[PDB]
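# Turn this into a model:
(9 chains, ligands or ions: 12)
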Amino acid sequence: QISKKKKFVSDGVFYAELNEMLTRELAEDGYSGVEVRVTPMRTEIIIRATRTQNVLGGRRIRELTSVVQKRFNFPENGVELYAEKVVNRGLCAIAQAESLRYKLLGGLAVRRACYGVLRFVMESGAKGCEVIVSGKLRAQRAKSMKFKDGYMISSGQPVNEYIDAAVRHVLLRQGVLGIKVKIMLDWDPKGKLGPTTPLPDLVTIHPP
Amino acid sequence: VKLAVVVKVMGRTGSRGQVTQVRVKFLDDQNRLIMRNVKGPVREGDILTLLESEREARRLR
Amino acid sequence: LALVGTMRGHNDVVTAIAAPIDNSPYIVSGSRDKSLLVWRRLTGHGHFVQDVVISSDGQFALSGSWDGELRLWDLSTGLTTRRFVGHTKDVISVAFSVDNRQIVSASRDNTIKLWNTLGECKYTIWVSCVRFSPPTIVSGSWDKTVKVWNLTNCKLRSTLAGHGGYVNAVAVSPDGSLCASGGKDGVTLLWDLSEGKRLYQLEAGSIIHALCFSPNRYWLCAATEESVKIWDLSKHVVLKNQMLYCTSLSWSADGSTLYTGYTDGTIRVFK
Amino acid sequence: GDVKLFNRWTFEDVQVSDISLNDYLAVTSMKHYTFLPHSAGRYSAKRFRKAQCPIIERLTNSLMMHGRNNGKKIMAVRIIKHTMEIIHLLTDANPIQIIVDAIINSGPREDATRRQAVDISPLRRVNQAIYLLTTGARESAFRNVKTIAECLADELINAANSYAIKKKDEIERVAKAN
Amino acid sequence: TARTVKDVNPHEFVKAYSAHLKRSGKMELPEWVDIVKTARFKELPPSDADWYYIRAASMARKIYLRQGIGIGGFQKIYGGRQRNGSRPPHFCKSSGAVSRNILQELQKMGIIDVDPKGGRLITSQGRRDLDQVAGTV
Amino acid sequence: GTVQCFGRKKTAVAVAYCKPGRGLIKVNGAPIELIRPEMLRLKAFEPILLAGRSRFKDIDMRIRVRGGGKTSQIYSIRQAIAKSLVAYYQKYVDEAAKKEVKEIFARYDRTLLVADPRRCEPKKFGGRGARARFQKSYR
Amino acid sequence: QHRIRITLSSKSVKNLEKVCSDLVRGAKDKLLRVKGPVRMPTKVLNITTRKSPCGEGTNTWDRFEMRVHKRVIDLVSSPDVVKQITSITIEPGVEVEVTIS
RNA sequence: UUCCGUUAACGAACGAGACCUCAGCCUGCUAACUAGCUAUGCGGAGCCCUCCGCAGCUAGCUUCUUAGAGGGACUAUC
RNA sequence: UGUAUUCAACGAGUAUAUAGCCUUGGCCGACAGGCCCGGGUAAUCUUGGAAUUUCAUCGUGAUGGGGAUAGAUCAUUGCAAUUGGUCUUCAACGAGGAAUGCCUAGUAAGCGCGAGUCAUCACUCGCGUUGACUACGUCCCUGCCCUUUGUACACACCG
Ligand SMILES: [K+]
Ligand SMILES: [K+]
Ligand SMILES: [K+]
Ligand SMILES: [Mg+2]
Ligand SMILES: [Mg+2]
Ligand SMILES: [Mg+2]
Ligand SMILES: [Mg+2]
Ligand SMILES: [Mg+2]
Ligand SMILES: [Mg+2]
Ligand SMILES: [Mg+2]
Ligand SMILES: [Mg+2]
Ligand SMILES: [Mg+2]
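Residues are numbered from 1 along each chain as shown, chains lettered A, B, ... in the order given. Ligands and ions are numbered 1, 2, ... in the order given. What follows is the structure:
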């Protein structure tokens, strides 16, 4: 049989492969991650999307369920795959990443597209946002242009759970434009908004 | 050969700060106070030997 | 009142000094030095012990540590006869029962706990030092009030709210007929257990660590920070690092001596 | 007393003929005198900490040179034991006394820096003496019939006419000319 | 009342027990005593003419100290530094056929035996001999 | 009297198990007098040669040492015997004798009762040694 | 009868600890002796790699490091009750294996 | 650019700090047959005692190794 | 150089086809290498895990330091020759000019081990062992930062 180390590596690279495969197919719907669990006799793989009414089309979901069953040599009647709706479209980094990609590809000016995305993320309720676009916008020379506001931490352990970041390489007519979106999440003790723990610099006081 | 006891340290001086200028008094004659310089590590309360007891010094050399 | 001697065998604050009822020379000092002493050494805990006592037979020592547990110890062998675990917050004080069969403990968990010395039945009801009545139980609270319970059904008997400062400990008469408090206000309140009403006041000035009632002299010794003060029950004081504070007072069974638990281990005996 | 160097050498006989280098040498027979010069103690932490270290420790630690010899303190203390036996058996005296005499006769007094001449720290004096003795023994031991213990013994007695005394002579000559 | 392998130092023990094997006169010798090097990393074969008996005493003590070691284990413990010239030094093993042979002779003397656990174990008579020779120190 | 005392130095631990008897001293089942190398042997007779055999004339000592190097093991036993002899009186005899032997050992050397915490720190990338780096050639 | 060994493999300490306490208490519900929990030595996977896609620039290596935590439980009981106890819900990141012991 | 203060500035964002990992101490707790410590019983040699190996489905324990919750240091006292 | 004491951590290790990995043990072989019994998909099995340290031949000699370089020879890896065994050969080299780099405590320095590389062949990343001298100061040089000041520089003094 297969040792634990090789199996763990195999599931890790398999999840990465699943993410890459799904992110390059749901461009019309905004793929926003996946949750994979292993229940007795069942392997559940639930896809996330900002737009879910179009993922269902539910026959196509059954085809994509057979996709992992037969491509990865998974056993039949042991793998399930459904689609799910984002709790908050704005608070999701990749959601606004490909949203900005679609907005700039459609024909909107990039500046206006990032202003719209920036207003939408504060509509969601983000502590702060940052959008960085690098490359050639109109001229031959490439430039880096940023729009940031709100709370924007930059260092330490809290950077890897109190922020959500996404990077994309949109193929434009004249080249490839690099987009990055970073969103700060507030302290939600329940954990539905962002992290379940407060920041080290955030301290609350009970009145006497 | 006039043994002297370091009485106070006036901070490291010199180009590299290697020499340390101190004030000393003689064990044979306590009341005489001179200024000299010493290489190496020197702390207060130590006893230091010399050869020529007539050389003087300057403050913050 | 005169100096008997000085002790220097401790490296931290000694918090409780306990002496056997039988007046036997096997007293136990429980300290926040992570160590106890017998006048035998105890180190079975892993935190700072606060309150220590001695069983009625005088051959056992019960001590509770700030880690949030209690231990009754075989004095001769220096080993734990039994543990008592379940005080999530740090314990503050211990005491025995009228028959010395139940152990009452007060901790930082805003609650008091009664434990069986051998039985598995335990019950619960910042509570400061407690001292059972030799049968109600008196206790200090976190709102400048002193509560008195009922041992019949573990119910609250009454509350005494006349203290201007917090209550750090409680004092009971040797015959179980008096109650006394003290704290930052410096005025020690004396009440009667029976009616549960305010009898009178004594003026000290600051925090009193331990309030010890004289078993024979019917007196009251208080470890005031400014100066240890002794009253006779005429309400008149008829005792003296830049910071100097005691930690505990202990009345001897004979009545002609007293033992103090200090900060830097200078345990002092008066006679 | 009950503490003797290798259970053989008695420390309660050795004094220092100077009142300027007393505290920097651990030779007093009340403390700081050990069974052997090998100890896993920390002495570079704070300033003047090595003064409390035994003199024999300093002598045995200054021999682990060159780069093919460091990390071999065992050979160092074995060689110091051999040279100690040589010194005691020849001179018929306490080898601690010979070590102290060599150190106290091998320390330069004045240097010249910045060029102006000025004195030397006593801790630097003993340190320079020990370094000079170890380097002289190494010089006399390289490409020669002699082993380490023999040249160490010869340099120790000759410094109580020698390499270390001539190095101090030339250093003091350079100093006293400015 | 008794000195045991623990109570007497390994150096004098192995030399005395090599002398014991010397005047024992029971175990055989190969035809290659001087020529073969005990390890390939070694350059000069053991200059001691009676190196074989010293080696056999080393085995006699080793099997007393620890049991269950095979031919590879003894090949490992008798390894050492191999300097490859201008290349950095490394670790190397020892000879195997000579160790296999001497272990076989020690079986022929009854000092050891094969085990189900892999390797060899000391027999009671051999460790008895080691015990009394330790007592004779 | 049977107590456990662990003497730790670098990565060498000497576990000493006490038992009453006639003062037999054994390390790893081998006599203390056969400590190798013999020239560092006096390093491990410090507690016996300082406290004295009269202190341990009635209780034996049996120690097993694991890990570290040779010198680290020697220091491990050096501190393990000291800890075990403090535990000799701390748990089985009295307070005054244990206190005085602890004070005498401390006044001889601090390491006898305090474990030195110096450990090997991890080696940093970009260099040969843990703290040293390569040879910088600009051109 | 027919002792059963369950192995709990994960990468997160909190999930493994909570599920181990839950399973042990569930076994204690049926008044069953449990020898454990046994905290298997954690195994570390260390990998070092050069950040620069092309070797230009000073050589800087990142050091990815993963931890694998494991617990083991032995229950002296019929396997059916073990399956009943483990049939309850699970949290992500923890893998359950059952064997006859 | 850490703070106290001074102050035509006031109130704030990053960076630093805060954060996280590992090591350093715990005879405190949790609990270990894929890890150990001790005693005993058996066998091995010179009853006991020195001594090596094997069991005791609990001889007992986690001091020794493992891994977890925790504590410990905060410059508090001089 | 030759005997003989002996103390670590990190990690890694199978498709079972006879068997691709780690290999235990037995046998054969001087060594290199080959056959059989098998274990471990792993805290179980590998995993029982060097400098140093008693003893001696050297003996100051480019010498038993050193082994560059060569020839003869065997076998492993690989489809196909890389490496490793034996003997013989025994070059420069006797602390290195101007310049020059790293480092303040279990650190430097010395010695090995594992992994990556891999059908075969070890520099880089970690691991451990022995274990010190000095310094604990300074801006002298090489820089960095701030304040004042000067400027005909602003591609900014390589102006
Ligand atoms: K070897
Ligand atoms: K027996
Ligand atoms: K050559
Ligand atoms: Mg911050
Ligand atoms: Mg930081
Ligand atoms: Mg333990
Ligand atoms: Mg802490
Ligand atoms: Mg050798
Ligand atoms: Mg070892
Ligand atoms: Mg040579
Ligand atoms: Mg050569
Ligand atoms: Mg390469």
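
# Quick one: residues contacting the closest residue to ligand 1 within chain G.
Closest residue of chain G to ligand 1, C-beta to the ion: residue G:41 (31.7 Å). All C-beta spots, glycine's among them, are computed from the backbone N, C-alpha and C. Listed by C-beta atoms under 8 Å, 6 or more residues apart in numbering or on different chains, the contact partners of residue G:41 are residue G:70.

# same thing with residue C:145?
Contacts for residue C:145 (C-beta under 8 Å, 6+ apart) come out as C:159-161, C:163, C:167.

# Next, the buried residues of stretch E:87-102.
Residues of stretch E:87-102 classed as buried by neighbour count (16 or more other C-beta atoms under 10 Å in any protein chain shown): E:93-95, E:98-99, E:101-102.

# so can I have CSV of those residues showing secondary structure and distance to chain C?
What follows is these, written out as CSV (DSSP: H, G, I helix; E, B strand; the rest coil; distance: C-beta to the nearest C-beta, whole Å):
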residue, secondary structure, distance to chain C
E:93, coil, 50
E:94, coil, 52
E:95, coil, 56
E:98, helix, 58
E:99, helix, 53
E:101, helix, 60
E:102, helix, 56
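
# Quickly note the distance from the closest residue to chain C within chain E to residue F:30.
Shortest chain E-to-chain C distance, computed as C-beta to the nearest C-beta: residue-wise this is residue E:6, at 35.2 Å. Applying C-beta to C-beta, to the nearest Å, the value for residue E:6 to residue F:30 is 5 Å.

# Need the three-state assignment for residue 17.
No chain in the question, so chain A it is. Assigned by DSSP: H, G, I helix; E, B strand; the rest coil, the conformation of residue A:17 is helix.

# look at chain F instead
Applying three-state DSSP to residue F:17 yields a three-state assignment of strand.

# same check, this time on residue F:100
Remark: residue F:100 carries the secondary structure label helix [criterion: three-state DSSP].

# what's the answer for the one 10 residues further on, then?
Three states are possible here, and by three-state DSSP the one that applies to residue F:110 is coil.

# what's the neighbour count on it?
Here the count is done by other C-beta atoms under 10 Å in any protein chain shown, and residue F:110 has 11 residues near it.

# how close does it sit to residue D:40?
If you measure residue F:110 against residue D:40 using C-beta to C-beta, the figure is 11 Å.

# what's in contact with stretch A:20-35?
Residues outside stretch A:20-35 that contact it (C-beta under 8 Å, 6+ apart): A:15, A:18-19, A:44-52, A:54-55, A:86, A:89, A:92, A:94-95, A:98-99, A:102, G:92.

# what about the residue of chain G closest to ligand 1, which helix or strand?
Here residue G:41 sits within strand G:34-50, counting by DSSP states H and E.

# what's downstream of that strand, the next helix or strand?
Downstream of strand G:34-50, the first helix or strand assigned by DSSP H and E is strand G:61-75.

# got the angle for that following strand vs strand G:34-50?
With axes from the mean of the first three to the mean of the last three C-alpha atoms, to 10 degrees applied, the angle from strand G:61-75 to strand G:34-50 works out at 170 degrees.

# follow-up on the earlier one: pull out the buried residues from the strand holding residue G:41.
Buried residues in strand G:34-50, counting neighbours by 16+ other C-beta under 10 Å, are found at G:34, G:36-37.

# to the chain's geometric centre, what's the distance from that strand?
9 Å (C-alpha atoms, centre = their mean, to the nearest Å).

# now stretch C:86-98
Relative to its parent chain, stretch C:86-98 has a centroid offset of 11 Å by C-alpha atoms, centre = their mean.

# and that stretch, does that touch RNA strand H?
No - Stretch C:86-98 lies apart from RNA strand H when judged by C-beta under 7 Å from any atom of the strand; the minimum separation is 9.2 Å.

# If we go by neighbour counts, what in that stretch is buried?
For stretch C:86-98, the buried set under the neighbour-count rule, 16+ other C-beta under 10 Å, comprises C:87, C:90-97.

# Same question for stretch A:59-72.
Using 16+ other C-beta under 10 Å, the residues of stretch A:59-72 that count as buried are A:61, A:64-65, A:67-69.

# Please consider this matter closed, and thank you.
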